[PDB]
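A quick write-up on the structure given underneath.
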Amino acid sequence: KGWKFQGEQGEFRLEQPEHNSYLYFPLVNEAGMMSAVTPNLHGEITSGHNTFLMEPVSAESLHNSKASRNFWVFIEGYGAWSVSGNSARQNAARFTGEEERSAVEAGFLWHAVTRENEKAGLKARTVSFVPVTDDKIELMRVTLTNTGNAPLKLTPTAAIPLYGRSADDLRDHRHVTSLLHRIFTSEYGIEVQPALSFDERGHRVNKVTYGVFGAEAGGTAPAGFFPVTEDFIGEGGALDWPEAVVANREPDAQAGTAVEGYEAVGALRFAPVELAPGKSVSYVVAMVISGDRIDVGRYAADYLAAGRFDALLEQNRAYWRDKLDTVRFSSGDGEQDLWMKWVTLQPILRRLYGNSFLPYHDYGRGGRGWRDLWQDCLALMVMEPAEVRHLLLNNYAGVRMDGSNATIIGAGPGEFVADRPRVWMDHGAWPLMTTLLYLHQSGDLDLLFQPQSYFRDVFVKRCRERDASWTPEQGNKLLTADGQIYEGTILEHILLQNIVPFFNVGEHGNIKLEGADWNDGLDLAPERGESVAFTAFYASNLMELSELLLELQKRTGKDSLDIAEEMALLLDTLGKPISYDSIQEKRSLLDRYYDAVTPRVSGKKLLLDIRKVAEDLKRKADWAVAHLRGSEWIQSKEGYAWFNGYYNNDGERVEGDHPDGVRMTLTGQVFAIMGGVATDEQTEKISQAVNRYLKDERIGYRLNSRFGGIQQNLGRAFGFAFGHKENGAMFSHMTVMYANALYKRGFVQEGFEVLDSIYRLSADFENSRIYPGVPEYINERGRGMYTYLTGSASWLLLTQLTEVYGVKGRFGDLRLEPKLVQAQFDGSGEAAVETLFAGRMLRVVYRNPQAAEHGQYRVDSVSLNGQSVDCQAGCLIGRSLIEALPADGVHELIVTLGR
Amino acid sequence: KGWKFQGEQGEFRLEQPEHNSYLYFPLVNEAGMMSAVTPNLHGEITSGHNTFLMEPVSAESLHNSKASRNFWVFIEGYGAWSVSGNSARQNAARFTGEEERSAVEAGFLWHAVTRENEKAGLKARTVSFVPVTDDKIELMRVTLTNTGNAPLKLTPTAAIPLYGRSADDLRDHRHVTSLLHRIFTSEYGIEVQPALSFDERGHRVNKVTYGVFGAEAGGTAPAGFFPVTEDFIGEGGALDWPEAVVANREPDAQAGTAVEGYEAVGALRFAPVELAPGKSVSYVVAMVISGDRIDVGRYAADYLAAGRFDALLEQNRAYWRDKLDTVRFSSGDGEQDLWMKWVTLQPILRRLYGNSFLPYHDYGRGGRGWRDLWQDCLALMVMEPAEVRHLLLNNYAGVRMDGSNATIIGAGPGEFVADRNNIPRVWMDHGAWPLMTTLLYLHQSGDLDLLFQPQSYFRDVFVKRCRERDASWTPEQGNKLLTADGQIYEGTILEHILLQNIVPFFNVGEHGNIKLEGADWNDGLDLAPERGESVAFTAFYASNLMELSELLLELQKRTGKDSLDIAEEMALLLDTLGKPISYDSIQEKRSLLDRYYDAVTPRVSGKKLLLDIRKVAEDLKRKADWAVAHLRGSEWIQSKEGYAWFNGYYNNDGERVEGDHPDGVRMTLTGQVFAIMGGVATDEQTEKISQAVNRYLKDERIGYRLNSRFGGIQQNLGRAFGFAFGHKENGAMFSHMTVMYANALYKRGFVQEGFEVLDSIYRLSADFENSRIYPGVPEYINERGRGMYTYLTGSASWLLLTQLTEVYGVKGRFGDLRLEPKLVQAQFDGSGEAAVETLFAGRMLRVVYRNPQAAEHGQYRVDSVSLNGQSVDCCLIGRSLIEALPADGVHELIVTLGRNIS
Ligand SMILES: O=P(O)(O)O[C@H]1O[C@H](CO)[C@@H](O)[C@H](O)[C@@H]1O
Ligand SMILES: O=P(O)(O)O[C@H]1O[C@H](CO)[C@@H](O)[C@H](O)[C@@H]1O
Ligand SMILES: [Cl-]
Ligand SMILES: [Cl-]
Ligand SMILES: [Cl-]
Ligand SMILES: [Cl-]
């Protein structure tokens, strides 16, 4: 029995939720409170790597640690009882068929745990959410209801175990750092403000304060406190069976008590209460992180006063509804439409958690990587576009003059940090892809001619050597001969990122793997490894760049490109061409370029004919396409055929026939298809090979087939068990990209199969054991792993919107090109998407009254708010017609399909 | 109800032991298995920072984590039951007055947990120990007994949760590293050998293997296994209530199964068994760490075959009995005598754990520090003296030519490691301890030639006591000081000692006392490197210089030695021999030290001067006399209330730390101890110090505090003051310093005062209601009276040494045996005797003091001494008389005490 959606806004319910290991749900705000909550109220609460309110956890902690959030009721005639079932007594009923009835319900963005004590006649409902205010705070409301025939006498105790320091102290100096604790009680609760912090930052004064406060529903303060963990649990006790609750002790402390040197717990004893039959009492608990001592009075008024929890919960619901209403799908698959709303949430979660601080994500420290800078723009372009232009510009400051980039992202806009060395060969590919998407959604072609600096640190020639001339006095920006900061166009940056890899070839003529590509686990072939997979991506990028430049001339009238003089060496088609068949000549020309720009550029720029640069780019792209088709197209003895993706550190071809089974990678196929290196015939054959070697009937499209044992000339990924992480799991991000590539090329039935498999696997709860959303991967047992924060959600959202429903920009104009299959249309012959375009909410409704399959339909007519529209692949609508619409409301655009 | 000793070899029992938080007991061998076991079988098992078999823990884990060692019985008519009480059902009885009867018993070196299920009529007894074999292994034997009227039907399951990787992975990449697990089942159990290790060493291939194996008493293998943790516990389960046990599921795996990518548990299902009334069945479980895949057949034969557990347990008992029989006390306080056997164990534990890998000691990675090199020699001198000479020689290789030393200790004998990237603290006290330890060796052994052995000096990028980085250093020079012609410089051990003590003499702050540098003994006084001063250790260096002077003159008187071979550059520091500087001038002392540093950096000339041993002695005595007068005249302070004592410190603002202050007088114990021990304090000053200590430091509940309360953090002095008052180095009863205080008192003849101090340590430690610890001396007694950081503390070495050499007064003087009892009347037993068995000059002596007149200390003298039934001349016995005794046996030495005349 999996979860079931309730209503039409994505709310779900799961019965007996704690009968599933490892479940958790995210609660977060922009202010920076980051929490996870499990069905028994375990998880974690933090504002950062150094400021955990609750103990840092990984997945095994969710069952193995007793320190959940808790709320206790000492019931007369029964004794101690946890509202979430986390007591030794209640846990002892697991697997005996005597378990209490329980449920989780959740929505955007809140979580509710219910439990029933049939013996005592008591029901509890505990609602958790992070308010969308400017405070780092999580709220909990516990409502107790008497379901029996006679009055119940109850003594309530909230208990939030506190940690209140860096994850660095989890074990290392865990005890020593407890001696630094200072606990302060006041009318509404408990503050912990360690005197000092001891962690990897060193030994420093601390002012950060962690608070647990509470009140009855009417605002009445707690009767008293047990702020010291060892006194709360008692001698030989534990947090799932604490003496203070179990023996119903009188409180240890009242308001104004200070205690030093002990682990703390936010244990708030409320007044005993007599609850009438059928009636309820409620309690609100607040968990707070602040930069200094907390103004507890203000927090009590804002969060604990009567009615504040309920008003703030409504405000949370309206804020999240508003964020997620920017993309809505409506089809014949009602369940998948609602599942997609959870997918739509995920890119926001990734931003707000910094890919960290959820139980599986046990290594992240909340930062951003280079890839995140570009990937975060995908969801924002369709959900919240105002910020994207400034983000893209800032990102290009990270590029070095050798096409590589900074890999540590700083605090400020366009701030990058030099490393106290690894190059990922794919890092140069993603920016053009993201930037092109922006250009097509916005029509803002002038972005390309904005000025920007280049990043500079000790590492030169793509981190192959240290610059001898470097000091602290150079700074973090590339300098000219005359000592000025060099600035080049965004387009110059883009050109550099794509043309440098073209020349950076290995002994088999494909682009070097360097420290890894997209697959972070292919890290053991920096000397001789090659990523054929991303050679296809760079080949495609160069071709798109050529087309872009010619379209810039055709649309803008622009005839020249301002480029650093030294870059002319790499555009050899304009001067003395080299042979692209010669590895030696390509490498030598690249070395000449590196020499010309290290340590400084001249600062002089050449103006080059935009058509002649385009011709140089097309020559590069054509050479690469021909080389991949002629040299890297492989076949097994059985007769399946596909593209080799890799060479290993011994210069050996990775893919093809092998002892113990054929070796194939999904990554080696995706960009060949997406970018056009693969012909239509090759693409059909690749899809057959993928289905034959990679498509598992239990777990879907694997990232790779099985390589037996560790592969120390290729990557650490192969030390993972087969079916997990980057070793042969269904890795959602790559599988979505595969589907995207198929749809792009017109392989719609094949693309549909891929996307539908991701949904079906994710939603098959008996195996996946996850809440609605797309996980990072589906593993060898069919379990969903590393939930919520995966970049796959961005790609899934984008693919559904821009490929499947086919609502996308073309140089700022709106293009409609549906790739919906017949089964996707609802009972009235309709499928619809609501989406933001050119600053307006559109509801694009596709009508298929003849019930034609994809390939048998075309666009017959388009109407916009009840007037007929002109339509210039598919149908194209000028941007001015969208912009002339009113700002408020959803404007209906009806596309009628016929045979 | 605390623990109670049983029998006369130190075994104890504690009833309802899990009614106490944070208790644990150590099990360890020389092979390198290091474990801790709690009353519910929690703790940890490891061979090192990177090779934990069970999950790394700290103190809070002992209650908060469900992952104890466990052994389960599914009892027909009752259900799942843990032999240690660690089940959700059993834990739910805590605080309800319905708890099962339980107990811990332990001895040297083994642990037993007992429990009774009165409802089912079942009793269990689980014995844990680490065999004394060459394997890294812990054994467990569970014995189940039917105490009821009818047959019991039982299904047993052992369950040792596995971790099997570095403590670095505890959370950071915890899940990712589980994907590297490879589990292999075989007839007798489960092996986990991760394919790779990801930790602070990097990403590497792994071969280390972690095993859990088992058998019935008669040798029968397990019926099957549940090797995968999530399958053992079940969906929504936990290790204290696992579905495989609770629902009595059939095993997941048999011998020959391999599973990859999952957290593992050594869950061994045994055959169901019908147990008759009054009868027992037993099971043996083995937990193994090995450098490669385990020869499971050999381990089964060696550890699981019938009778092996019991034979190995007897071998463990005999090995530990043998180690601890080297020192035995016998007095009127029988309980304290047995408590002292546990104290006697502690220095061994500190060596074998490397001060790490017990739950409170949650930061250690198993290494040794500079202090440990010298401190480990104290216990060895009394317990295993054969090793000490070579250890001392090796240790001196760590000294730099500026008197400082290496602070990272390597694998090999006399191996020290440079850290070139990270700027290293200097601890100002590090130069003081070696002479103290070495003098003890010289007096126990009589081996004065040690002083003239050659040894190198340590050399790395850091020069002038880590004040500067040397531009001229390279990797090809090596880690040893070089001469002008590129040869490795060697100087005598004595040269090393001189250097360590004379350099600090000149290294003075603005108030004329020796600089604090990065800290002294108190590691928490780390925030005054620029202007801080340790007056406390200035007294120690003053005393060292005086003892050195006396030592050199005694070398001449005893050996005939007239000269000392010393590096030419060191003559600058012995200024009394050339052009004397004024020791009253800070500027001149600092300038002379800078000249010395310049003369020896980057290299020495290699040339040596021969100096008159009397003239060097005169220079040393002049230094010591100057320091004694300066401390007495400038650092003796008084409160307005009228107490007086020595100021111990200046802070980083150049302010005197101790004395009157708003919110209360500031005083440190450390500032008193070495002044007393070394003679800077006169007898009159010592009496007054003792009064000030009792006034300002002696707490009625927790004993002699390390310092009085300074309100709030002290960012110009040390991070210690961020600790709550009464914990760690902020005002706790810190055993190591308090023992040293007692030692100092006894040394100076303040015997009643000394006795009070030592007795307070024992009484606090053994007052279980507050201390909540097993027998032994903890690192500290805290604000609530709790014993903290058990077993591994250096205080045990000092307590052992003080009891032997000061209290019973059995000690060497240049290799001859000196007997000087400082026992009080209350210490004599019912027959008027107090005795100590101890090794001296390679012979076991039982020194028996008879006080038939029941005289108090101060009212008695030595009336006669007999040795193996013959009269002895003198109180001081020549080493030849001890050496002429037979090698085997304990030789009785009877010292008869009588009253004074007048
Ligand atoms: O965002 P996801 O789904 O978790 O993907 C992660 O792993 C990818 C493959 O190594 C990487 O390419 C990504 O950068 C990321 O680390
Ligand atoms: O051996 P013990 O009793 O645990 O003492 C420890 O703390 C002392 C004071 O900081 C140090 O001086 C010791 O070196 C040691 O780190
Ligand atoms: Cl019950
Ligand atoms: Cl990070
Ligand atoms: Cl019961
Ligand atoms: Cl260490």
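By order in the structure tokens, chains are A, B, ...; within a chain, residues start at 1; ligands start at 1, following the order shown.
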
Pull out every residue of chain A that has at least one atom within 8 Å of chain B, counting only C-alpha atoms, and report them as number ranges by chain. A: 18-22, 56-59, 63-67, 87-89, 91-92, 94-96, 171-175, 179-181, 195-196, 203, 234-239, 241, 243, 246-247, 260-261, 360, 362-363, 710, 716, 719-722, 724

Picked from stretch 270-303 of chain A by DSSP as strand (DSSP E), as a list in words: residues 273, 274, 275, 280, 281, 282, 283, 284, 285, 286, 287, 288, 289 and 290 of chain A

Store the residues picked out above, limited to N, CA, C and O atoms, as a compact mmCIF listing (two decimals), in the first residue's frame.
```txt
# COMPACT_ATOMS: atom_id res chain seq x y z
N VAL A 273 -3.80 18.37 31.90
CA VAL A 273 -5.08 18.81 31.38
C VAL A 273 -6.08 17.66 31.37
O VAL A 273 -5.69 16.49 31.18
N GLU A 274 -7.34 17.98 31.62
CA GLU A 274 -8.42 17.02 31.55
C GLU A 274 -9.16 17.28 30.24
O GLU A 274 -9.69 18.39 30.01
N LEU A 275 -9.15 16.27 29.37
CA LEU A 275 -9.68 16.37 28.04
C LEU A 275 -11.03 15.67 27.97
O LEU A 275 -11.11 14.47 28.25
N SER A 280 -10.59 18.38 21.89
CA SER A 280 -9.18 18.49 21.56
C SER A 280 -8.46 19.57 22.38
O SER A 280 -9.09 20.50 22.87
N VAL A 281 -7.15 19.38 22.56
CA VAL A 281 -6.22 20.43 23.01
C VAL A 281 -5.03 20.44 22.07
O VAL A 281 -4.61 19.37 21.56
N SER A 282 -4.47 21.63 21.84
CA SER A 282 -3.33 21.77 20.94
C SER A 282 -2.15 22.51 21.58
O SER A 282 -2.35 23.32 22.54
N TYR A 283 -0.95 22.22 21.06
CA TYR A 283 0.32 22.79 21.53
C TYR A 283 1.12 23.21 20.31
O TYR A 283 1.07 22.51 19.32
N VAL A 284 1.83 24.33 20.38
CA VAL A 284 2.74 24.77 19.31
C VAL A 284 4.15 24.83 19.84
O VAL A 284 4.39 25.40 20.91
N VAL A 285 5.08 24.23 19.09
CA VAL A 285 6.49 24.24 19.41
C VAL A 285 7.25 24.89 18.26
O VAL A 285 6.92 24.66 17.09
N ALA A 286 8.22 25.72 18.60
CA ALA A 286 9.02 26.47 17.64
C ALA A 286 10.50 26.16 17.85
O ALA A 286 11.00 26.15 19.00
N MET A 287 11.20 25.88 16.76
CA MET A 287 12.62 25.54 16.78
C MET A 287 13.31 26.62 15.98
O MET A 287 12.96 26.82 14.82
N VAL A 288 14.26 27.32 16.59
CA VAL A 288 14.77 28.58 16.04
C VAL A 288 16.28 28.58 16.00
O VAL A 288 16.93 28.12 16.94
N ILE A 289 16.84 29.07 14.90
CA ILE A 289 18.27 29.32 14.82
C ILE A 289 18.46 30.80 14.56
O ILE A 289 17.85 31.36 13.64
N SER A 290 19.31 31.44 15.35
CA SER A 290 19.56 32.87 15.20
C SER A 290 21.03 33.20 15.37
O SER A 290 21.75 32.47 16.06
```

Which of stretch 320-421 of chain B fall in alpha helix (DSSP H), as a short mmCIF file (atom, residue, chain, number, x, y, z; two decimals) with N, CA, C and O atoms, in the first residue's frame:
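That gives us part-v2.cif:
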```
data_model
loop_
_atom_site.label_atom_id
_atom_site.label_comp_id
_atom_site.auth_asym_id
_atom_site.auth_seq_id
_atom_site.Cartn_x
_atom_site.Cartn_y
_atom_site.Cartn_z
N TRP B 320 47.23 -11.42 32.19
CA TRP B 320 46.97 -10.16 32.89
C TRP B 320 47.40 -10.25 34.35
O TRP B 320 48.04 -9.33 34.85
N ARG B 321 47.11 -11.37 35.00
CA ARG B 321 47.56 -11.61 36.39
C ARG B 321 49.08 -11.43 36.46
O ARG B 321 49.60 -10.73 37.33
N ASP B 322 49.78 -12.02 35.51
CA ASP B 322 51.23 -11.89 35.43
C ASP B 322 51.73 -10.45 35.25
O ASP B 322 52.66 -10.04 35.93
N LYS B 323 51.13 -9.68 34.34
CA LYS B 323 51.48 -8.26 34.15
C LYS B 323 51.27 -7.42 35.42
O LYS B 323 52.11 -6.58 35.76
N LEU B 324 50.15 -7.65 36.09
CA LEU B 324 49.78 -6.84 37.25
C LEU B 324 50.44 -7.27 38.58
O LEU B 324 50.62 -6.44 39.48
N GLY B 334 41.92 -2.58 52.58
CA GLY B 334 41.81 -3.69 51.62
C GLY B 334 41.16 -3.27 50.33
O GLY B 334 41.65 -3.62 49.24
N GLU B 335 40.08 -2.48 50.44
CA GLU B 335 39.39 -1.96 49.26
C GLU B 335 40.31 -1.07 48.41
O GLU B 335 40.33 -1.21 47.18
N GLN B 336 41.06 -0.17 49.04
CA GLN B 336 41.97 0.70 48.27
C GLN B 336 43.12 -0.10 47.60
O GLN B 336 43.56 0.26 46.54
N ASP B 337 43.59 -1.16 48.25
CA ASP B 337 44.61 -2.06 47.68
C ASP B 337 44.14 -2.69 46.35
O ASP B 337 44.92 -2.85 45.40
N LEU B 338 42.87 -3.07 46.31
CA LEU B 338 42.29 -3.71 45.12
C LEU B 338 41.99 -2.67 44.05
O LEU B 338 42.23 -2.90 42.85
N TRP B 339 41.48 -1.52 44.47
CA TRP B 339 41.31 -0.40 43.58
C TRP B 339 42.63 -0.04 42.91
O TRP B 339 42.66 0.24 41.71
N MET B 340 43.72 -0.07 43.66
CA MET B 340 45.06 0.20 43.10
C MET B 340 45.53 -0.80 42.04
O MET B 340 46.36 -0.43 41.21
N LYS B 341 45.03 -2.03 42.06
CA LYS B 341 45.37 -2.99 41.00
C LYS B 341 44.78 -2.53 39.64
O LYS B 341 45.42 -2.66 38.61
N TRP B 342 43.58 -1.95 39.68
CA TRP B 342 42.97 -1.36 38.51
C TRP B 342 43.73 -0.11 38.05
O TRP B 342 43.88 0.12 36.86
N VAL B 343 44.21 0.69 38.99
CA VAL B 343 45.07 1.83 38.66
C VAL B 343 46.36 1.31 37.98
O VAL B 343 46.87 1.92 37.06
N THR B 344 46.87 0.19 38.46
CA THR B 344 48.08 -0.43 37.93
C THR B 344 47.92 -0.91 36.48
O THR B 344 48.91 -0.94 35.73
N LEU B 345 46.71 -1.31 36.12
CA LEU B 345 46.36 -1.70 34.76
C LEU B 345 46.38 -0.51 33.80
O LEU B 345 46.76 -0.66 32.63
N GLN B 346 45.99 0.65 34.30
CA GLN B 346 45.75 1.80 33.42
C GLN B 346 46.90 2.24 32.53
O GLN B 346 46.65 2.59 31.39
N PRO B 347 48.15 2.25 33.03
CA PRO B 347 49.23 2.69 32.15
C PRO B 347 49.42 1.76 30.93
O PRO B 347 49.80 2.23 29.83
N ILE B 348 49.16 0.47 31.12
CA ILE B 348 49.18 -0.51 30.02
C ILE B 348 48.09 -0.17 28.99
O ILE B 348 48.33 -0.17 27.78
N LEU B 349 46.88 0.11 29.48
CA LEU B 349 45.76 0.50 28.64
C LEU B 349 46.06 1.74 27.81
O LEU B 349 45.77 1.78 26.60
N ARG B 350 46.68 2.74 28.45
CA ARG B 350 47.03 3.94 27.73
C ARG B 350 47.97 3.62 26.57
O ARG B 350 47.78 4.14 25.47
N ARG B 351 48.97 2.78 26.81
CA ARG B 351 49.87 2.35 25.74
C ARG B 351 49.11 1.63 24.62
O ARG B 351 49.37 1.87 23.45
N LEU B 352 48.22 0.72 24.98
CA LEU B 352 47.61 -0.17 23.98
C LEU B 352 46.46 0.47 23.22
O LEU B 352 46.14 0.02 22.14
N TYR B 353 45.83 1.50 23.78
CA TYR B 353 44.79 2.25 23.10
C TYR B 353 45.35 3.49 22.42
O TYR B 353 44.63 4.15 21.69
N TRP B 370 54.64 13.66 22.37
CA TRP B 370 55.92 13.79 23.01
C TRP B 370 55.85 13.44 24.49
O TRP B 370 56.70 12.69 24.99
N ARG B 371 54.84 13.95 25.19
CA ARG B 371 54.70 13.66 26.62
C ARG B 371 54.60 12.17 26.92
O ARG B 371 55.19 11.71 27.88
N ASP B 372 53.84 11.46 26.09
CA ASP B 372 53.62 10.01 26.23
C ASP B 372 54.94 9.25 26.16
O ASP B 372 55.09 8.27 26.86
N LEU B 373 55.88 9.69 25.36
CA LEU B 373 57.17 8.98 25.25
C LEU B 373 57.88 8.86 26.58
O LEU B 373 58.51 7.83 26.87
N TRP B 374 57.76 9.91 27.39
CA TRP B 374 58.42 9.98 28.69
C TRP B 374 57.51 9.37 29.74
O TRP B 374 57.95 8.57 30.54
N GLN B 375 56.23 9.71 29.71
CA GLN B 375 55.31 9.24 30.73
C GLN B 375 55.14 7.72 30.70
O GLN B 375 55.04 7.09 31.76
N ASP B 376 55.14 7.12 29.50
CA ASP B 376 55.01 5.66 29.39
C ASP B 376 56.21 4.96 30.10
O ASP B 376 56.07 3.84 30.56
N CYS B 377 57.36 5.62 30.18
CA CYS B 377 58.50 5.05 30.91
C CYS B 377 58.31 4.94 32.42
O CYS B 377 58.95 4.11 33.04
N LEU B 378 57.42 5.74 33.01
CA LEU B 378 57.21 5.72 34.47
C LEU B 378 56.68 4.36 34.92
O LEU B 378 57.31 3.71 35.73
N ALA B 379 55.56 3.93 34.35
CA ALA B 379 55.01 2.61 34.66
C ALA B 379 55.95 1.47 34.30
O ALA B 379 56.07 0.49 35.05
N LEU B 380 56.63 1.58 33.18
CA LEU B 380 57.53 0.52 32.73
C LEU B 380 58.71 0.34 33.69
O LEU B 380 59.13 -0.78 33.93
N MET B 381 59.21 1.43 34.25
CA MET B 381 60.29 1.35 35.24
C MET B 381 59.96 0.49 36.45
O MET B 381 60.82 -0.15 37.00
N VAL B 382 58.70 0.47 36.82
CA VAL B 382 58.19 -0.28 37.95
C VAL B 382 57.67 -1.69 37.55
O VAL B 382 57.73 -2.61 38.34
N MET B 383 57.18 -1.82 36.32
CA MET B 383 56.48 -3.03 35.85
C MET B 383 57.22 -3.91 34.83
O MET B 383 57.03 -5.11 34.83
N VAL B 388 63.09 0.14 29.10
CA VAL B 388 63.16 1.59 29.34
C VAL B 388 64.40 2.26 28.76
O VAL B 388 64.30 3.35 28.17
N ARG B 389 65.57 1.64 28.94
CA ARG B 389 66.81 2.22 28.46
C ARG B 389 66.73 2.56 26.97
O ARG B 389 67.02 3.69 26.59
N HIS B 390 66.35 1.58 26.15
CA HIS B 390 66.24 1.79 24.70
C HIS B 390 65.18 2.86 24.35
O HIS B 390 65.41 3.69 23.47
N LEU B 391 64.06 2.88 25.08
CA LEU B 391 63.02 3.90 24.85
C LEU B 391 63.54 5.32 25.09
O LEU B 391 63.35 6.20 24.26
N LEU B 392 64.25 5.52 26.20
CA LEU B 392 64.78 6.84 26.52
C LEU B 392 65.75 7.32 25.45
O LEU B 392 65.64 8.46 25.00
N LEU B 393 66.70 6.48 25.06
CA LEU B 393 67.67 6.82 24.01
C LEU B 393 66.99 7.23 22.71
O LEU B 393 67.31 8.29 22.14
N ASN B 394 66.04 6.41 22.27
CA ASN B 394 65.26 6.70 21.06
C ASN B 394 64.53 8.03 21.15
O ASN B 394 64.51 8.77 20.18
N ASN B 395 63.95 8.33 22.32
CA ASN B 395 63.19 9.56 22.52
C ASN B 395 64.02 10.82 22.29
O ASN B 395 63.52 11.79 21.74
#
```

Residues within 9 Å of ligand 6, counting only C-alpha atoms and all ligand atoms: report them as a PyMOL selection string. chain B and resi 49+354-356+363-369+408

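Of the listed residues (A:570, A:73, A:120, A:522), A:522 comes nearest to ligand 1; the distances count only C-alpha atoms and all ligand atoms.
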
Give as a VMD selection string the residues surrounding ligand 4 up to a distance of 10 Å, considering only C-alpha atoms and all ligand atoms. chain A and resid 49 354 to 356 363 to 369 408 to 409

Residues from last step as file, N, CA and C atoms, as a short mmCIF file (atom, residue, chain, number, x, y, z; two decimals), in the first residue's frame:
```cif
data_model
loop_
_atom_site.label_atom_id
_atom_site.label_comp_id
_atom_site.auth_asym_id
_atom_site.auth_seq_id
_atom_site.Cartn_x
_atom_site.Cartn_y
_atom_site.Cartn_z
N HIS A 49 26.40 23.91 7.48
CA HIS A 49 27.30 22.85 7.93
C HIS A 49 27.74 23.04 9.40
N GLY A 354 21.05 23.80 -1.20
CA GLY A 354 22.40 23.71 -1.76
C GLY A 354 22.86 22.27 -1.94
N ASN A 355 21.94 21.44 -2.43
CA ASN A 355 22.21 20.02 -2.65
C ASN A 355 22.76 19.25 -1.42
N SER A 356 22.35 19.67 -0.21
CA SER A 356 22.91 19.15 1.04
C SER A 356 21.83 19.03 2.09
N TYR A 363 27.09 14.37 2.70
CA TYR A 363 28.42 14.97 2.50
C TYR A 363 28.37 16.43 2.10
N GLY A 364 27.26 16.89 1.52
CA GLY A 364 27.20 18.29 1.09
C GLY A 364 27.35 19.29 2.26
N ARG A 365 28.01 20.41 1.98
CA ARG A 365 28.15 21.53 2.95
C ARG A 365 27.40 22.79 2.51
N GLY A 366 26.47 22.63 1.59
CA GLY A 366 25.55 23.67 1.17
C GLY A 366 26.00 24.58 0.04
N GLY A 367 27.20 24.36 -0.49
CA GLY A 367 27.71 25.21 -1.58
C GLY A 367 27.07 24.96 -2.94
N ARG A 368 27.59 25.66 -3.93
CA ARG A 368 27.22 25.45 -5.32
C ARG A 368 28.49 25.06 -6.07
N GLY A 369 28.35 24.15 -7.03
CA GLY A 369 29.40 23.83 -8.01
C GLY A 369 29.16 24.54 -9.32
N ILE A 408 35.31 26.43 -7.36
CA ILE A 408 34.79 26.80 -6.03
C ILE A 408 34.06 28.13 -6.19
N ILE A 409 32.78 28.16 -5.80
CA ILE A 409 31.92 29.33 -5.99
C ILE A 409 31.83 30.11 -4.68
#
```

For residue A:654, please output as a PyMOL selection string all residues within 8 Å (counting only C-alpha atoms; exclusion window: fewer than 2 positions along the same chain). chain A and resi 644-648+652+656+663

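You will find atom CA of residue A:738 at 16.3 Å from atom CA of residue A:517.
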
Closest atom pairs, residues of chain A within 6 Å of ligand 1, only C-alpha atoms and all ligand atoms, as CSV:
```
residue,atom,partner,partner_atom_place_in_ligand_line,distance
A:518,CA,ligand 1,12 (O),4.1
A:519,CA,ligand 1,10 (O),3.9
A:520,CA,ligand 1,10 (O),4.1
A:733,CA,ligand 1,3 (O),5.1
A:776,CA,ligand 1,3 (O),4.4
A:790,CA,ligand 1,3 (O),3.8
A:791,CA,ligand 1,1 (O),3.7
A:792,CA,ligand 1,3 (O),5.1
```
